[PDB]
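Note: the block below is target-v1.pdb and it holds PDB, N, CA and C atoms.
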```pdb
MODEL        1
ATOM      1  N   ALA E   1      88.458 121.669 112.583
ATOM      2  CA  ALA E   1      89.032 121.797 113.911
ATOM      3  C   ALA E   1      88.374 120.779 114.844
ATOM      4  N   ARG E   2      89.197 120.195 115.704
ATOM      5  CA  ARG E   2      88.711 119.207 116.652
ATOM      6  C   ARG E   2      89.583 119.203 117.908
ATOM      7  N   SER E   3      89.207 118.348 118.849
ATOM      8  CA  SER E   3      89.943 118.237 120.097
ATOM      9  C   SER E   3      89.397 117.072 120.924
ATOM     10  N   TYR E   4      89.201 115.949 120.248
ATOM     11  CA  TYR E   4      88.686 114.759 120.906
ATOM     12  C   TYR E   4      89.773 114.080 121.739
ATOM     13  N   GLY E   5      91.016 114.371 121.384
ATOM     14  CA  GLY E   5      92.150 113.797 122.087
ATOM     15  C   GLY E   5      93.442 114.543 121.746
ATOM     16  N   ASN E   6      94.469 113.770 121.430
ATOM     17  CA  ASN E   6      95.759 114.343 121.086
ATOM     18  C   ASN E   6      95.954 114.271 119.570
ATOM     19  N   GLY E   7      95.223 115.127 118.870
ATOM     20  CA  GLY E   7      95.307 115.172 117.420
ATOM     21  C   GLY E   7      93.915 115.275 116.793
ATOM     22  N   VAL E   8      93.478 114.167 116.212
ATOM     23  CA  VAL E   8      92.172 114.120 115.577
ATOM     24  C   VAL E   8      92.195 114.983 114.312
ATOM     25  N   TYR E   9      92.379 116.277 114.521
ATOM     26  CA  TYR E   9      92.421 117.215 113.412
ATOM     27  C   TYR E   9      93.848 117.375 112.885
ATOM     28  N   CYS E  10      94.579 116.271 112.903
ATOM     29  CA  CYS E  10      95.954 116.276 112.431
ATOM     30  C   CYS E  10      96.790 117.121 113.394
ATOM     31  N   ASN E  11      98.098 117.074 113.190
ATOM     32  CA  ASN E  11      99.014 117.827 114.029
ATOM     33  C   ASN E  11      98.892 119.316 113.701
ATOM     34  N   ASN E  12      99.323 119.661 112.498
ATOM     35  CA  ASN E  12      99.269 121.043 112.050
ATOM     36  C   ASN E  12      99.503 121.095 110.539
ATOM     37  N   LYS E  13     100.720 120.744 110.149
ATOM     38  CA  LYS E  13     101.085 120.746 108.743
ATOM     39  C   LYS E  13     100.966 119.326 108.187
ATOM     40  N   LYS E  14     101.291 118.363 109.037
ATOM     41  CA  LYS E  14     101.225 116.965 108.644
ATOM     42  C   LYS E  14      99.776 116.481 108.740
ATOM     43  N   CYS E  15      99.633 115.197 109.029
ATOM     44  CA  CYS E  15      98.314 114.599 109.151
ATOM     45  C   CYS E  15      98.486 113.106 109.433
ATOM     46  N   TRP E  16      98.234 112.739 110.680
ATOM     47  CA  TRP E  16      98.358 111.351 111.092
ATOM     48  C   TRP E  16      96.970 110.712 111.021
ATOM     49  N   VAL E  17      96.964 109.388 110.963
ATOM     50  CA  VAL E  17      95.717 108.646 110.892
ATOM     51  C   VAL E  17      95.804 107.421 111.804
ATOM     52  N   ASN E  18      94.755 107.230 112.590
ATOM     53  CA  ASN E  18      94.702 106.106 113.507
ATOM     54  C   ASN E  18      96.002 106.045 114.310
ATOM     55  N   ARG E  19      95.974 106.677 115.473
ATOM     56  CA  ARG E  19      97.138 106.703 116.340
ATOM     57  C   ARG E  19      97.282 105.369 117.076
ATOM     58  N   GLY E  20      96.229 105.011 117.797
ATOM     59  CA  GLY E  20      96.225 103.768 118.548
ATOM     60  C   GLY E  20      96.528 102.575 117.638
ATOM     61  N   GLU E  21      95.710 102.438 116.605
ATOM     62  CA  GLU E  21      95.879 101.351 115.656
ATOM     63  C   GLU E  21      97.330 101.284 115.179
ATOM     64  N   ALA E  22      97.796 102.401 114.639
ATOM     65  CA  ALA E  22      99.157 102.480 114.142
ATOM     66  C   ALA E  22     100.130 102.127 115.269
ATOM     67  N   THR E  23      99.900 102.739 116.420
ATOM     68  CA  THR E  23     100.743 102.499 117.579
ATOM     69  C   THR E  23     100.805 101.002 117.891
ATOM     70  N   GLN E  24      99.660 100.465 118.289
ATOM     71  CA  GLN E  24      99.571  99.053 118.620
ATOM     72  C   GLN E  24     100.109  98.204 117.469
ATOM     73  N   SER E  25     100.067  98.783 116.277
ATOM     74  CA  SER E  25     100.546  98.092 115.092
ATOM     75  C   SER E  25     102.005  97.672 115.284
ATOM     76  N   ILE E  26     102.308  96.471 114.814
ATOM     77  CA  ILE E  26     103.657  95.942 114.928
ATOM     78  C   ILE E  26     104.641  96.924 114.286
ATOM     79  N   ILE E  27     104.258  97.415 113.117
ATOM     80  CA  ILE E  27     105.092  98.359 112.392
ATOM     81  C   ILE E  27     105.465  99.518 113.317
ATOM     82  N   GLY E  28     104.517  99.884 114.167
ATOM     83  CA  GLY E  28     104.731 100.971 115.106
ATOM     84  C   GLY E  28     104.984 102.289 114.371
ATOM     85  N   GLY E  29     103.910 103.043 114.186
ATOM     86  CA  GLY E  29     104.000 104.322 113.502
ATOM     87  C   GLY E  29     104.657 105.376 114.394
ATOM     88  N   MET E  30     104.087 105.539 115.580
ATOM     89  CA  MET E  30     104.603 106.506 116.533
ATOM     90  C   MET E  30     106.068 106.218 116.867
ATOM     91  N   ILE E  31     106.323 104.974 117.246
ATOM     92  CA  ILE E  31     107.670 104.558 117.594
ATOM     93  C   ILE E  31     108.615 104.884 116.436
ATOM     94  N   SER E  32     108.255 104.387 115.262
ATOM     95  CA  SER E  32     109.057 104.616 114.073
ATOM     96  C   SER E  32     109.531 106.070 114.034
ATOM     97  N   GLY E  33     108.665 106.954 114.508
ATOM     98  CA  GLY E  33     108.981 108.372 114.533
ATOM     99  C   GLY E  33     110.019 108.684 115.615
ATOM    100  N   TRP E  34     109.838 108.048 116.764
ATOM    101  CA  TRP E  34     110.746 108.247 117.880
ATOM    102  C   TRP E  34     112.155 107.870 117.416
ATOM    103  N   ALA E  35     112.272 106.649 116.917
ATOM    104  CA  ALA E  35     113.553 106.157 116.437
ATOM    105  C   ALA E  35     114.040 107.047 115.292
ATOM    106  N   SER E  36     113.089 107.484 114.477
ATOM    107  CA  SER E  36     113.406 108.338 113.346
ATOM    108  C   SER E  36     113.953 109.678 113.840
ATOM    109  N   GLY E  37     113.426 110.115 114.975
ATOM    110  CA  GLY E  37     113.849 111.375 115.561
ATOM    111  C   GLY E  37     115.275 111.273 116.105
ATOM    112  N   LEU E  38     115.472 110.304 116.986
ATOM    113  CA  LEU E  38     116.778 110.090 117.585
ATOM    114  C   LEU E  38     117.806 109.832 116.481
ATOM    115  N   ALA E  39     117.448 108.926 115.583
ATOM    116  CA  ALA E  39     118.325 108.580 114.477
ATOM    117  C   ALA E  39     118.415 109.765 113.514
ATOM    118  N   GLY E  40     117.312 110.493 113.417
ATOM    119  CA  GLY E  40     117.255 111.650 112.539
ATOM    120  C   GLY E  40     117.949 112.856 113.175
ATOM    121  N   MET E  41     119.238 112.688 113.433
ATOM    122  CA  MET E  41     120.025 113.751 114.035
ATOM    123  C   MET E  41     119.328 114.312 115.277
TER     124      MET E  41
ENDMDL
END
```

Can you dump the structure from the file as structure tokens?
Amino acid sequence: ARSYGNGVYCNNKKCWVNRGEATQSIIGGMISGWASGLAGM
């Protein structure tokens, strides 16, 4: 269990790694999800 920010100890069932890095990443992890959400019905 943690609470250093918005996650750290994963979301709940999933498990993300390096938010900022991934975010700032060209690939865009977070974004990919946003688009995945909208596109994902």

Contacts of residue 1 in chain E at 8 Å (only N, CA and C atoms; same-chain gap of 5+ positions) as a compact mmCIF listing (two decimals) with N, CA and C atoms, in the coordinates of the input:
```
# COMPACT_ATOMS: atom_id res chain seq x y z
N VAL E 8 93.48 114.17 116.21
CA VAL E 8 92.17 114.12 115.58
C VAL E 8 92.20 114.98 114.31
N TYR E 9 92.38 116.28 114.52
CA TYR E 9 92.42 117.22 113.41
C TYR E 9 93.85 117.38 112.88
N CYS E 10 94.58 116.27 112.90
CA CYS E 10 95.95 116.28 112.43
C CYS E 10 96.79 117.12 113.39
```

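Run against this file, the PyMOL selection byres (((chain E and resi 17-19 and name CA) around 12) and name CA) gives back residues 5, 6, 7, 8, 9, 10, 11, 14, 15, 16, 20, 21, 22, 23, 24, 25, 28, 29, 30 and 31 of chain E.
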
Could those selected residues go to a file with N, CA and C atoms, as a short mmCIF file (atom, residue, chain, number, x, y, z; two decimals), in the frame of the given file?
```cif
data_model
loop_
_atom_site.label_atom_id
_atom_site.label_comp_id
_atom_site.auth_asym_id
_atom_site.auth_seq_id
_atom_site.Cartn_x
_atom_site.Cartn_y
_atom_site.Cartn_z
N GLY E 5 91.02 114.37 121.38
CA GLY E 5 92.15 113.80 122.09
C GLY E 5 93.44 114.54 121.75
N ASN E 6 94.47 113.77 121.43
CA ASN E 6 95.76 114.34 121.09
C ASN E 6 95.95 114.27 119.57
N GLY E 7 95.22 115.13 118.87
CA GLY E 7 95.31 115.17 117.42
C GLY E 7 93.92 115.28 116.79
N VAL E 8 93.48 114.17 116.21
CA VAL E 8 92.17 114.12 115.58
C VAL E 8 92.20 114.98 114.31
N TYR E 9 92.38 116.28 114.52
CA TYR E 9 92.42 117.22 113.41
C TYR E 9 93.85 117.38 112.88
N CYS E 10 94.58 116.27 112.90
CA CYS E 10 95.95 116.28 112.43
C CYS E 10 96.79 117.12 113.39
N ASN E 11 98.10 117.07 113.19
CA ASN E 11 99.01 117.83 114.03
C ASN E 11 98.89 119.32 113.70
N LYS E 14 101.29 118.36 109.04
CA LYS E 14 101.22 116.96 108.64
C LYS E 14 99.78 116.48 108.74
N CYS E 15 99.63 115.20 109.03
CA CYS E 15 98.31 114.60 109.15
C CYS E 15 98.49 113.11 109.43
N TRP E 16 98.23 112.74 110.68
CA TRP E 16 98.36 111.35 111.09
C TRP E 16 96.97 110.71 111.02
N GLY E 20 96.23 105.01 117.80
CA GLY E 20 96.22 103.77 118.55
C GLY E 20 96.53 102.58 117.64
N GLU E 21 95.71 102.44 116.60
CA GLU E 21 95.88 101.35 115.66
C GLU E 21 97.33 101.28 115.18
N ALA E 22 97.80 102.40 114.64
CA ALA E 22 99.16 102.48 114.14
C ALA E 22 100.13 102.13 115.27
N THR E 23 99.90 102.74 116.42
CA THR E 23 100.74 102.50 117.58
C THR E 23 100.80 101.00 117.89
N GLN E 24 99.66 100.46 118.29
CA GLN E 24 99.57 99.05 118.62
C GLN E 24 100.11 98.20 117.47
N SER E 25 100.07 98.78 116.28
CA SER E 25 100.55 98.09 115.09
C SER E 25 102.00 97.67 115.28
N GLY E 28 104.52 99.88 114.17
CA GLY E 28 104.73 100.97 115.11
C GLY E 28 104.98 102.29 114.37
N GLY E 29 103.91 103.04 114.19
CA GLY E 29 104.00 104.32 113.50
C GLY E 29 104.66 105.38 114.39
N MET E 30 104.09 105.54 115.58
CA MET E 30 104.60 106.51 116.53
C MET E 30 106.07 106.22 116.87
N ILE E 31 106.32 104.97 117.25
CA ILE E 31 107.67 104.56 117.59
C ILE E 31 108.62 104.88 116.44
#
```

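When atom C of residue 27 in chain E is paired with atom N of residue 39 in chain E, their separation reads 15.4 Å.
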
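Pairwise distance (CA of residue 12 in chain E, atom N of residue 26 in chain E) equals 24.9 Å.
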
Q: Give the alpha helix (DSSP H) residues of chain E, as assigned by DSSP on the backbone, as a VMD selection string.
A: chain E and resid 19 to 24 29 to 39

So for range 8-17 of chain E, what box centre and size do we get, axis-aligned, 6 Å extra on each of the six sides, every listed atom, Å to one decimal, as AutoDock Vina command-line options?
```
--center_x 96.7 --center_y 114.3 --center_z 112.2 --size_x 21.1 --size_y 25.7 --size_z 20.0
```

As a PDB file, keeping the file's coordinate frame, please: range 1-27 of chain E completed to N, CA, C and O atoms.
```
ATOM      1  N   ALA E   1      88.458 121.669 112.583  1.00  0.00           N
ATOM      2  CA  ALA E   1      89.032 121.797 113.911  1.00  0.00           C
ATOM      3  C   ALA E   1      88.374 120.779 114.844  1.00  0.00           C
ATOM      4  O   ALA E   1      87.169 120.550 114.769  1.00  0.00           O
ATOM      5  N   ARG E   2      89.197 120.195 115.704  1.00  0.00           N
ATOM      6  CA  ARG E   2      88.711 119.207 116.652  1.00  0.00           C
ATOM      7  C   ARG E   2      89.583 119.203 117.908  1.00  0.00           C
ATOM      8  O   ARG E   2      90.554 119.954 117.998  1.00  0.00           O
ATOM      9  N   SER E   3      89.207 118.348 118.849  1.00  0.00           N
ATOM     10  CA  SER E   3      89.943 118.237 120.097  1.00  0.00           C
ATOM     11  C   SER E   3      89.397 117.072 120.924  1.00  0.00           C
ATOM     12  O   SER E   3      89.171 117.210 122.125  1.00  0.00           O
ATOM     13  N   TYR E   4      89.201 115.949 120.248  1.00  0.00           N
ATOM     14  CA  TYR E   4      88.686 114.759 120.906  1.00  0.00           C
ATOM     15  C   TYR E   4      89.773 114.080 121.739  1.00  0.00           C
ATOM     16  O   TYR E   4      89.472 113.325 122.663  1.00  0.00           O
ATOM     17  N   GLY E   5      91.016 114.371 121.384  1.00  0.00           N
ATOM     18  CA  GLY E   5      92.150 113.797 122.087  1.00  0.00           C
ATOM     19  C   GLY E   5      93.442 114.543 121.746  1.00  0.00           C
ATOM     20  O   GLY E   5      93.479 115.773 121.779  1.00  0.00           O
ATOM     21  N   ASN E   6      94.469 113.770 121.430  1.00  0.00           N
ATOM     22  CA  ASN E   6      95.759 114.343 121.086  1.00  0.00           C
ATOM     23  C   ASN E   6      95.954 114.271 119.570  1.00  0.00           C
ATOM     24  O   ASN E   6      96.742 113.464 119.079  1.00  0.00           O
ATOM     25  N   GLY E   7      95.223 115.127 118.870  1.00  0.00           N
ATOM     26  CA  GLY E   7      95.307 115.172 117.420  1.00  0.00           C
ATOM     27  C   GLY E   7      93.915 115.275 116.793  1.00  0.00           C
ATOM     28  O   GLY E   7      93.282 116.329 116.849  1.00  0.00           O
ATOM     29  N   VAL E   8      93.478 114.167 116.212  1.00  0.00           N
ATOM     30  CA  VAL E   8      92.172 114.120 115.577  1.00  0.00           C
ATOM     31  C   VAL E   8      92.195 114.983 114.312  1.00  0.00           C
ATOM     32  O   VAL E   8      92.048 114.468 113.205  1.00  0.00           O
ATOM     33  N   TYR E   9      92.379 116.277 114.521  1.00  0.00           N
ATOM     34  CA  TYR E   9      92.421 117.215 113.412  1.00  0.00           C
ATOM     35  C   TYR E   9      93.848 117.375 112.885  1.00  0.00           C
ATOM     36  O   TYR E   9      94.247 118.469 112.483  1.00  0.00           O
ATOM     37  N   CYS E  10      94.579 116.271 112.903  1.00  0.00           N
ATOM     38  CA  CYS E  10      95.954 116.276 112.431  1.00  0.00           C
ATOM     39  C   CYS E  10      96.790 117.121 113.394  1.00  0.00           C
ATOM     40  O   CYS E  10      96.245 117.781 114.278  1.00  0.00           O
ATOM     41  N   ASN E  11      98.098 117.074 113.190  1.00  0.00           N
ATOM     42  CA  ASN E  11      99.014 117.827 114.029  1.00  0.00           C
ATOM     43  C   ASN E  11      98.892 119.316 113.701  1.00  0.00           C
ATOM     44  O   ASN E  11      98.422 120.100 114.524  1.00  0.00           O
ATOM     45  N   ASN E  12      99.323 119.661 112.498  1.00  0.00           N
ATOM     46  CA  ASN E  12      99.269 121.043 112.050  1.00  0.00           C
ATOM     47  C   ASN E  12      99.503 121.095 110.539  1.00  0.00           C
ATOM     48  O   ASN E  12      98.603 121.443 109.778  1.00  0.00           O
ATOM     49  N   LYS E  13     100.720 120.744 110.149  1.00  0.00           N
ATOM     50  CA  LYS E  13     101.085 120.746 108.743  1.00  0.00           C
ATOM     51  C   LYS E  13     100.966 119.326 108.187  1.00  0.00           C
ATOM     52  O   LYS E  13     100.592 119.138 107.030  1.00  0.00           O
ATOM     53  N   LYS E  14     101.291 118.363 109.037  1.00  0.00           N
ATOM     54  CA  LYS E  14     101.225 116.965 108.644  1.00  0.00           C
ATOM     55  C   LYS E  14      99.776 116.481 108.740  1.00  0.00           C
ATOM     56  O   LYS E  14      98.844 117.262 108.553  1.00  0.00           O
ATOM     57  N   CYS E  15      99.633 115.197 109.029  1.00  0.00           N
ATOM     58  CA  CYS E  15      98.314 114.599 109.151  1.00  0.00           C
ATOM     59  C   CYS E  15      98.486 113.106 109.433  1.00  0.00           C
ATOM     60  O   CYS E  15      98.835 112.338 108.538  1.00  0.00           O
ATOM     61  N   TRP E  16      98.234 112.739 110.680  1.00  0.00           N
ATOM     62  CA  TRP E  16      98.358 111.351 111.092  1.00  0.00           C
ATOM     63  C   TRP E  16      96.970 110.712 111.021  1.00  0.00           C
ATOM     64  O   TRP E  16      95.959 111.412 111.022  1.00  0.00           O
ATOM     65  N   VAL E  17      96.964 109.388 110.963  1.00  0.00           N
ATOM     66  CA  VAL E  17      95.717 108.646 110.892  1.00  0.00           C
ATOM     67  C   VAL E  17      95.804 107.421 111.804  1.00  0.00           C
ATOM     68  O   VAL E  17      96.795 106.692 111.776  1.00  0.00           O
ATOM     69  N   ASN E  18      94.755 107.230 112.590  1.00  0.00           N
ATOM     70  CA  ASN E  18      94.702 106.106 113.507  1.00  0.00           C
ATOM     71  C   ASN E  18      96.002 106.045 114.310  1.00  0.00           C
ATOM     72  O   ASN E  18      96.980 105.442 113.869  1.00  0.00           O
ATOM     73  N   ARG E  19      95.974 106.677 115.473  1.00  0.00           N
ATOM     74  CA  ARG E  19      97.138 106.703 116.340  1.00  0.00           C
ATOM     75  C   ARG E  19      97.282 105.369 117.076  1.00  0.00           C
ATOM     76  O   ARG E  19      98.315 104.710 116.977  1.00  0.00           O
ATOM     77  N   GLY E  20      96.229 105.011 117.797  1.00  0.00           N
ATOM     78  CA  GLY E  20      96.225 103.768 118.548  1.00  0.00           C
ATOM     79  C   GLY E  20      96.528 102.575 117.638  1.00  0.00           C
ATOM     80  O   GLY E  20      97.470 101.825 117.884  1.00  0.00           O
ATOM     81  N   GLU E  21      95.710 102.438 116.605  1.00  0.00           N
ATOM     82  CA  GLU E  21      95.879 101.351 115.656  1.00  0.00           C
ATOM     83  C   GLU E  21      97.330 101.284 115.179  1.00  0.00           C
ATOM     84  O   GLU E  21      97.981 100.247 115.303  1.00  0.00           O
ATOM     85  N   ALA E  22      97.796 102.401 114.639  1.00  0.00           N
ATOM     86  CA  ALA E  22      99.157 102.480 114.142  1.00  0.00           C
ATOM     87  C   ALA E  22     100.130 102.127 115.269  1.00  0.00           C
ATOM     88  O   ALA E  22     101.043 101.325 115.077  1.00  0.00           O
ATOM     89  N   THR E  23      99.900 102.739 116.420  1.00  0.00           N
ATOM     90  CA  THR E  23     100.743 102.499 117.579  1.00  0.00           C
ATOM     91  C   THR E  23     100.805 101.002 117.891  1.00  0.00           C
ATOM     92  O   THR E  23     101.860 100.381 117.768  1.00  0.00           O
ATOM     93  N   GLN E  24      99.660 100.465 118.289  1.00  0.00           N
ATOM     94  CA  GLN E  24      99.571  99.053 118.620  1.00  0.00           C
ATOM     95  C   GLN E  24     100.109  98.204 117.469  1.00  0.00           C
ATOM     96  O   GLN E  24     100.541  97.071 117.677  1.00  0.00           O
ATOM     97  N   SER E  25     100.067  98.783 116.277  1.00  0.00           N
ATOM     98  CA  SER E  25     100.546  98.092 115.092  1.00  0.00           C
ATOM     99  C   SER E  25     102.005  97.672 115.284  1.00  0.00           C
ATOM    100  O   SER E  25     102.804  98.425 115.839  1.00  0.00           O
ATOM    101  N   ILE E  26     102.308  96.471 114.814  1.00  0.00           N
ATOM    102  CA  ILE E  26     103.657  95.942 114.928  1.00  0.00           C
ATOM    103  C   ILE E  26     104.641  96.924 114.286  1.00  0.00           C
ATOM    104  O   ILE E  26     105.697  97.206 114.847  1.00  0.00           O
ATOM    105  N   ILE E  27     104.258  97.415 113.117  1.00  0.00           N
ATOM    106  CA  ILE E  27     105.092  98.359 112.392  1.00  0.00           C
ATOM    107  C   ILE E  27     105.465  99.518 113.317  1.00  0.00           C
ATOM    108  O   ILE E  27     106.575 100.045 113.243  1.00  0.00           O
TER     109      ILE E  27
END
```
